[PDB]
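Chains as they are written, first to last, in the authors' numbering: chain B, 1 to 127; chain B', 1 to 127; chain A, 1 to 127; chain A', 1 to 127. A prime marks a further copy of an entry chain.
The beta carbon of each residue, even a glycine, is placed where N, CA and C say it ideally should be.
Before any comments, here is the structure.
Protein chains: 4
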Amino acid sequence: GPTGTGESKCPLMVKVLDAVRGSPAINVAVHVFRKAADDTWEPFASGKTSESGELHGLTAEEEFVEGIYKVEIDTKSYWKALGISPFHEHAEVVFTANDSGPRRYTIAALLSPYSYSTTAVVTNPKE
Amino acid sequence: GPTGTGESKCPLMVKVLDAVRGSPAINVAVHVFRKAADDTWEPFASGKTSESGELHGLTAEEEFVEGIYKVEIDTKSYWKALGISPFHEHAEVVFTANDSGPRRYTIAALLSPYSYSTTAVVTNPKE
Amino acid sequence: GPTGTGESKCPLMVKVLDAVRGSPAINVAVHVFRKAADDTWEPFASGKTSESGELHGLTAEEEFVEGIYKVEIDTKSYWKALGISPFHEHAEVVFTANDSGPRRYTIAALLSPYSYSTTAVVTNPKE
Amino acid sequence: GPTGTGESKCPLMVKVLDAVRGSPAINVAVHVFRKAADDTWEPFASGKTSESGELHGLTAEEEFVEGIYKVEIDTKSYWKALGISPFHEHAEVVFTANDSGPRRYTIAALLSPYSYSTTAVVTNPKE
């Protein structure tokens, strides 16, 4: 099933949707990075979306400390897999994670060949 | 808890999000209509979004027959409730429901004061 | 400027884009209605987007009085003429206009088969 | 036309809009990078959006060669100057350009504090 660096009560979740087919975007590769002290993007977690277009178990709460994170979504592979030429090489979401703010982070991405929209839902409850 | 005309294995679900606060849009009124024989919008189901920004139990499968449906979202009340002047009177989603197509319908709406995006996810599994 | 029904400084303009092809949505039919005293939609103006995906000259400043307007974009025909059976019947934007004096409104829509985004840009004329 | 680094027919243009105020996003800093032979991002061009939310003259057609480019929009500064702590650090659009000959690219972004949409309009020059 879905997983990542550390499957636990998801502090970070990714949901990807397909605006052309009206369906979840399945088997889409997602790579998470953490900005290191030297400003380089340290690999953090990675995975592929499930049949429901979701990626959970990426990280556990112990290791999800405040910092700058980058979620890279391989949208090009996805569109190539459907016979459609896309515009973007990938879609990235860069944000800061702070403790004062709600605990859970859901990054949602809605995809089209020449356009993508992303939203963040920060909460306290589950999902 | 959440409900509507007939709470069952949700053939139709609504999910509303707030792009300004990064949270689900709670207590948002949603009215569903069915185009009648005389082309008027017959009231069909209605409700308010839950704490998770979702509305389920709107209809049951027996009564969700092929037809043209309209989902009206009272976005103006929502923004007025936050001290923000919105542009739209409401957001409507009009679509045809056909049996050949997947069984489940999830209408998602992402809201901002002067802009809204809506997507449909049509599937066979749950959600 | 252009009184009667022309377009003084063009108070109402529509811009449609295609998220699947990365281009303006050409020849999209647009119908505008104004809410009449009797609470019914009265035909106000109509046209089709140009090669640039824009629609100008829908109304003159003199006739564009305060009121509730509905801009209906025939998205279904557009996608069908491309061989795609889309989800929505059309896209509708309903808003109150000119309540605090005359303004210039630009309604933009970004189209995908199972999704659409709309935003409004409201300017205060200066000439 | 304008060779060197000006803008012949303006091959690269950025348009930024604000979904919370219903207006162009003025004075937004934009940085463009090109992927160098060594797989590192090299500074290619930069500027700020005008009162219309547009950024023109970033490059000339002669210097806008085939390559992978990254358009970085400083969304964080924009929202902060408005008193809002937004979710994202910035918005980045990465794409391959001019691989099948020269084209005109228009990168559009619609901004909200916890969300952004981006689309591309690619035109084939004729003059």
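Is the CB-CB distance between residue i and residue j below 7 Å?
i, j, result
"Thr3 (chain A')", "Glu66 (chain A')", "no"
"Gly53 (chain A)", "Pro24 (chain A)", "yes"
"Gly101 (chain A)", "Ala60 (chain A)", "no"
"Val16 (chain B)", "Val32 (chain B)", "no"
"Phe87 (chain A)", "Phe95 (chain B')", "yes"
"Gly22 (chain B)", "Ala91 (chain B')", "no"
"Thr123 (chain A)", "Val93 (chain A)", "no"
"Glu51 (chain A')", "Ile26 (chain A')", "yes"
To the nearest angstrom, how far is it from the Cα of residue i to the Cα of residue j?
i, j, result
"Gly57 (chain B')", "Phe64 (chain B')", "12 Å"
"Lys80 (chain A')", "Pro113 (chain A')", "10 Å"
"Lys9 (chain B)", "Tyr116 (chain B)", "28 Å"
"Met13 (chain B')", "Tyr105 (chain B')", "6 Å"
"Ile107 (chain B)", "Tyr69 (chain A)", "35 Å"
"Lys126 (chain A')", "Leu110 (chain B')", "38 Å"
"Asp18 (chain A)", "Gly1 (chain B')", "40 Å"
"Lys35 (chain B')", "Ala97 (chain B)", "46 Å"
"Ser46 (chain B)", "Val30 (chain A)", "45 Å"
"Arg103 (chain A')", "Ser85 (chain B)", "16 Å"
"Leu82 (chain A)", "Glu89 (chain A)", "15 Å"
"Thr49 (chain A')", "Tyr78 (chain A')", "11 Å"
"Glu42 (chain B)", "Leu55 (chain A)", "48 Å"
"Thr75 (chain B)", "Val20 (chain B)", "13 Å"
"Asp39 (chain A')", "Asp99 (chain B')", "51 Å"
"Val71 (chain B')", "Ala37 (chain A')", "52 Å"
Against chain A, does residue i count as a neighbour if the rule is that its beta carbon must be under 7 Å from one of theirs?
i, result
"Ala120 (chain A')", "yes"
"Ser117 (chain A')", "yes"
I'd like to know if residue i contacts chain B, where contact means its C-beta is closer than 7 Å to some C-beta of that chain.
i, result
"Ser85 (chain A')", "no"
"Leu111 (chain B')", "no"
Can you confirm whether residue i, when its beta carbon is compared against all beta carbons of chain A', has any partner nearer than 7 Å?
i, result
"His31 (chain B)", "no"
"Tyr105 (chain B)", "no"
Name the DSSP bridge partner or partners of residue i?
i, result
"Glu54 (chain A)", "A:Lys15"
"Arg21 (chain B')", "Per DSSP, none; premise fails for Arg21 (chain B')."
"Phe44 (chain B')", "Its beta-bridge partners do not exist; DSSP assigns none."
"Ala108 (chain B)", "B:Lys15 and B:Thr119"
"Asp99 (chain A)", "A:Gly101"
"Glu66 (chain A')", "In DSSP, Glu66 (chain A') forms no bridge with anything."
"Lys35 (chain A)", "A:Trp41"
"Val28 (chain A')", "Answer is none; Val28 (chain A') lacks a bridge partner."
"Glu72 (chain B')", "B':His31 and B':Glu92"
Of all Cβ atoms in chain B', is any one closer than 7 Å to the Cβ of residue i?
i, result
"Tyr78 (chain A')", "no"
Confirm the yes/no value for this check: CB of residue i, any heavy atom of the ligand FMN, distance under 6 Å.
i, result
"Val20 (chain B)", "Of the ligands one can find in the structure shown there are none, so the ligand FMN has no counterpart to examine."
- Message: For the stretch 40-71 of chain A', list every residue whose C-beta sits within 9 Å of some C-beta in chain B', in sequence order.
- Response: none
- Message: Closer than 8 Å between beta carbons: that is the criterion. Which residues of the stretch 12-24 of chain B' meet it against chain B?
- Response: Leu17, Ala19, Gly22, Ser23 and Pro24
- Task: Give, in chain order, every residue of the stretch 86-102 of chain A' whose Cβ lies closer than 8 Å to some Cβ of chain B.
- Result: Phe87, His88, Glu89, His90, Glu92, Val93, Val94, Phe95 and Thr96
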